[PDB]
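Colleague: To convert, take the position in the sequence shown, counting from 1, and add 46; that gives UniProt numbering. The beta carbon of each residue, even a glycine, is placed where N, CA and C say it ideally should be. Take this structure first; my questions come after.
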Amino acid sequence: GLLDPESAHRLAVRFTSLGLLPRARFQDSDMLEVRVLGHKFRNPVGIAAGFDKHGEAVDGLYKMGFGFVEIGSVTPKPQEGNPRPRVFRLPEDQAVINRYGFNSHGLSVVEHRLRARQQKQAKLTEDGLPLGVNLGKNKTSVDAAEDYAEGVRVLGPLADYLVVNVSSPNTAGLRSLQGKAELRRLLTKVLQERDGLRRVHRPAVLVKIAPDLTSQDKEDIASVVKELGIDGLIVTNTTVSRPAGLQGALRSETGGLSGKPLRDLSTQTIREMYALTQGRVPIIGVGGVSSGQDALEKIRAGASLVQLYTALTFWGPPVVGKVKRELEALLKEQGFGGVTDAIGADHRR
Ligand SMILES: Cc1cc2nc3c(=O)[nH]c(=O)nc-3n(C[C@H](O)[C@H](O)[C@H](O)COP(=O)(O)O)c2cc1C
Ligand SMILES: O=C(O)c1cc(=O)[nH]c(=O)[nH]1
Ligand SMILES: [Cl-]
């Protein structure tokens, strides 16, 4: 916290990549295993997109004890992102605001990085540690569908799941892709491209949505997802809202807000999306998770898996084991046999 947040992030990625931090001691219980999206997940706690944008620290992140890793967002061509400053800590709120704008090494660079460890990843996936790849679009793209299609073609063969990220608040016009007609067109093309890949290279496709959607938006997304047979949802990205009560000096910076102020907004979005999809569409729940309780609330709301990022920036690597240990204890306390039993449990009350 003695460096600016962006410099701190860069060093964190570097240290993680090099495997400098200690191997996680917490051994995952059978209670934490989830089978979803055609894969086994040794535990349901993943690293959210944005920490490892360019796929530089995948192995280090598994070493940290994450049950799955999502890299990205990756754009077709390299791009620098928005001018600095573009990331801000709100310590009083346990929150971050960012406006990176999809800084990305681009598909080619990431493709080569993942190819260098493709067989290692195949073994990790087999051993219950899958890899997700989150796709974005270039700033000056005229056809968003073509950007996402290129992402499917290039990184789809290297991923257990792909994420169509239409919910960054930091790319002009992007979140209009969540609209029914735009989303149907975009996802039809994405699924067509995915279906064209050889079977062993054919990933699940998820859509990552905003926490800022209207009821109509959410109904429309649920409809499209079901119509097209989309494999899952990631719920949610950062919020452009600024909840009453934020204390951080930097609360009025432009960008997506993450961390504790997003937590319950995200949980409620999960709850709504689960109900709108009749519990038949896997949800990865993300936003403000820093404890076992936070994880379980999202799971009971309908998430099959959870992710965190912002908590890691406050609590450091120990937060991963802490979430897992606390989640295990709570499942036992509440009479669940395991994570699987708790998924969507609130809806069966
Ligand atoms: C600095 C930063 C960068 C992010 N970059 C991305 C990104 O490139 N793609 C994406 O889909 N989400 C991105 N996110 C959103 C996270 O994946 C996550 O949805 C959100 O931060 C809520 O989780 P958290 O409260 O645990 O951080 C980013 C978040 C932060 C804080
Ligand atoms: O600016 C980014 O790259 C970015 C930030 C964020 O919160 N979410 C996202 O999808 N991208
Ligand atoms: Cl390949």
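Give, in chain order, every unbroken run of the alpha helix (DSSP H) that is at least 4 residues long and sits entirely within the stretch 51-91.
Modeller: As far as the stretch 51-91 is concerned, its whole alpha helix (DSSP H) runs of at least 4 residues are 51-63.
Colleague: In whole angstroms, what separates the C-alpha of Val271 from that of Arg132?
Modeller: In the sequence shown, the residue the question calls residue 271 occupies position 225. In the sequence shown, the residue the question calls residue 132 occupies position 86. Rounded to whole angstroms, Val271 to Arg132 spans 33 Å at the Cα level.
Colleague: Once DSSP output is grouped into helix, strand and coil, what is the label at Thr234?
Modeller: Residue 234 sits at position 188 when you count from the first residue of the sequence shown. Note: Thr234 maps to helix in three-state DSSP.
Colleague: Leaving out five residues before and five after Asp74 in sequence, what residues of the same chain have Cβ atoms less than 6 Å from its Cβ?
Modeller: Your numbering for residue 74 matches position 28 in the sequence shown. Answer for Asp74: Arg88 and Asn89, listed in chain order.
Colleague: Figure out for me which residue from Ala103, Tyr108 and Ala58 has the closest Cα to the Cα of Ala70.
Modeller: Here residue 70 refers to the residue found at position 24 of the sequence shown. The option with the nearest alpha carbon to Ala70 is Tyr108.
Colleague: For the stretch 307-382, which segments carrying the alpha helix (DSSP H) assignment without a break, of at least 4 residues, lie completely within its bounds, in sequence order?
Modeller: As far as the stretch 307-382 is concerned, its whole alpha helix (DSSP H) runs of at least 4 residues are 309-322, 338-347, 356-361 and 364-379.
Colleague: Check whether the Cβ atoms of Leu204 and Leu237 lie closer than 8 Å to each other.
Modeller: Mapped onto the sequence shown, residue 204 falls at position 158. Mapped onto the sequence shown, residue 237 falls at position 191. No. Outside cutoff.
Colleague: Give me the Cα-Cα distance between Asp193 and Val200, rounded to the nearest whole angstrom.
Modeller: Here residue 193 is taken as the residue at index 147 of the sequence shown, counted from 1. Here residue 200 is taken as the residue at index 154 of the sequence shown, counted from 1. Spanning the two alpha carbons is a distance of roughly 11 Å.
Colleague: Output the boundary residues of the alpha helix (DSSP H) element that contains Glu116.
Modeller: As a working note, residue 116 is residue 70 in the sequence shown. Counting along the chain, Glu116 falls outside any alpha helix (DSSP H), though it belongs to the beta strand (DSSP E) covering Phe114 to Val120.
Colleague: Helix, strand or coil, according to DSSP, for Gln125 in the structure here?
Modeller: To locate residue 125, count along the sequence shown from 1; it is residue 79. Looking at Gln125 - three-state DSSP - the assignment turns out to be strand.
Colleague: Tell me, to the nearest whole angstrom, how far the beta carbon of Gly147 is from that of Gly127; I am working on the premise that it is less than 8 Å.
Modeller: To locate residue 147, count along the sequence shown from 1; it is residue 101. To locate residue 127, count along the sequence shown from 1; it is residue 81. Contact holds; Cβ gap of about 4 Å.
Colleague: List the endpoints of the continuous beta strand (DSSP E) containing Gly302.
Modeller: The residue given as residue 302 occupies position 256 in the sequence shown. Note, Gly302: beta strand (DSSP E), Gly302 to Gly305.
Colleague: Going by beta carbon distance, what residues of the same chain come within less than 8 Å of residue 397, once the five residues before and after it are set aside?
Modeller: Since the displayed the chain opens at 47 and closes at 395, residue 397 lies outside it and no answer follows.
Colleague: Identify the residues that DSSP records as bridge partners of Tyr207: which are they?
Modeller: Within the sequence shown, numbered from 1, the residue matching residue 207 stands at position 161. In the DSSP output, where bridge partners are listed per residue, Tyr207 has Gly178 and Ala250.
Colleague: Report yes or no: do the stretch 365-385 and the stretch 292-308 share at least 3 C-beta pairs separated by less than 8 Å?
Modeller: In short, these stretches do not touch, since the Cβ pair count stays below three.
Colleague: At the level of alpha carbons, what is the spacing between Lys123 and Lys99?
Modeller: Within the sequence shown, the letter at position 77 stands for residue 123. Within the sequence shown, the letter at position 53 stands for residue 99. Their Cα atoms are separated by approximately 14 Å.
Colleague: Does the separation of the CB atoms of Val209 and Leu223 fall below 8 Å?
Modeller: Position 163 of the sequence shown, counting from 1, holds the residue named residue 209. Position 177 of the sequence shown, counting from 1, holds the residue named residue 223. No. Outside cutoff.
Colleague: Quick check: the Cα distance between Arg395 and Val104, rounded to an integer number of angstroms?
Modeller: Position 349 of the sequence shown holds residue 395. Position 58 of the sequence shown holds residue 104. Roughly 38 Å separates the two Cα atoms.
Colleague: Label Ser336 either buried or exposed according to how many other C-beta atoms from any shown protein chain fall within 10 Å of its C-beta, with 16 as the threshold for buried.
Modeller: Residue mapping note: residue 336 aligns to position 290 of the sequence shown, counting from 1. Result: buried.
Colleague: Is there at least one non-hydrogen atom of ligand 5 closer than 7 Å to the beta-carbon of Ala94?
Modeller: For the structure depicted, ligand 5 is absent and the ligand set comprises only ligand 1, ligand 2 and ligand 3.
Colleague: State the DSSP-derived secondary structure class of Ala162, mapped to helix, strand or coil.
Modeller: Position 116 of the sequence shown, counting from 1, holds the residue named residue 162. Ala162: coil per DSSP, three-state reduction.
Colleague: Does the beta-carbon of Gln324 have 16 or more other beta-carbons within 10 angstroms, so that it is buried, or is it exposed?
Modeller: As a working mapping, residue 324 is identified with position 278 in the sequence shown. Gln324 is exposed by the Cβ-count criterion.
Colleague: Going by DSSP, what residue range makes up the alpha helix (DSSP H) through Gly197?
Modeller: For the purposes of this step, residue 197 is taken as the residue at position 151 of the sequence shown. Note, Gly197: alpha helix (DSSP H), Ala190 to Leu201.
Colleague: What would DSSP say about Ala95, mapped onto helix, strand or coil?
Modeller: On the sequence shown, position 49 is the one that residue 95 refers to. Coil.
Colleague: Identify which residue in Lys306, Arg221 and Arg288 has its Cα closest to the Cα of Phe360.
Modeller: Within the sequence shown, residue 360 is the residue found at index 314, counting from 1. Nearest C-alpha to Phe360: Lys306.
Colleague: Exposed or buried, which one is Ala94 when buried takes at least 16 other CB atoms within 10 Å?
Modeller: To locate residue 94, count along the sequence shown from 1; it is residue 48. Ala94 comes out buried.
Colleague: Rounded to whole angstroms, what's the CA-CA distance from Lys185 to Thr217? Just pull it up for me.
Modeller: For the purposes of this step, residue 185 is taken as residue 139 along the sequence shown, with counting starting at 1. For the purposes of this step, residue 217 is taken as residue 171 along the sequence shown, with counting starting at 1. Approximately 7 Å, taken between the alpha carbons.
Colleague: In chain order, what residues of the same chain have a beta carbon less than 6 Å from the beta carbon of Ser261, not counting five sequence neighbours either side?
Modeller: Taking the first residue of the sequence shown as 1, we reach residue 261 at position 215. Hits under 6 Å: none found.
Colleague: Is the stretch 314-334 touching the stretch 278-285 in the sense that three or more CB pairs, one from each, lie closer than 8 Å?
Modeller: Touching, yes.
Colleague: Taking 7 Å as the cut-off, is the CB of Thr284 close to at least one heavy atom of ligand 2?
Modeller: To locate residue 284, count along the sequence shown from 1; it is residue 238. Under cutoff, so the answer is yes.
Colleague: Using DSSP with H/G/I as helix, E/B as strand and the rest coil, what is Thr285?
Modeller: Counting from 1 along the sequence shown, the entry for residue 285 is found at position 239. Three-state result, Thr285: strand.
Colleague: State the start and end residues of the unbroken alpha helix (DSSP H) segment that holds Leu107.
Modeller: The count along the sequence shown starts at 1 and reaches residue 107 at position 61. Residues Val104 to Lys109.
Colleague: Given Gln164, which residues of its chain have a CB within under 7 Å of its CB, disregarding the five upstream and five downstream residues?
Modeller: Looking up residue 164 in the sequence shown gives position 118. Excluding positions up to five away in sequence, the list reads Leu204.
Colleague: Please state whether the Cβ-Cβ distance between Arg317 and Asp387 is less than 8 Å.
Modeller: Counting from 1 along the sequence shown, the entry for residue 317 is found at position 271. Counting from 1 along the sequence shown, the entry for residue 387 is found at position 341. No, the pair does not count as a contact, with Cβ atoms beyond the cut-off.
Colleague: Rounding to the nearest angstrom, what Cα-Cα distance links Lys378 and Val188 in this structure?
Modeller: In the sequence shown, the residue the question calls residue 378 occupies position 332. In the sequence shown, the residue the question calls residue 188 occupies position 142. So the alpha carbons of these two residues sit roughly 52 Å apart.
Colleague: Using CA coordinates, which residue listed in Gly362, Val352 and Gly381 is at the minimum distance from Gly113?
Modeller: On the sequence shown, position 67 is the one that residue 113 refers to. Residue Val352 is the option with its Cα nearest to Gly113.
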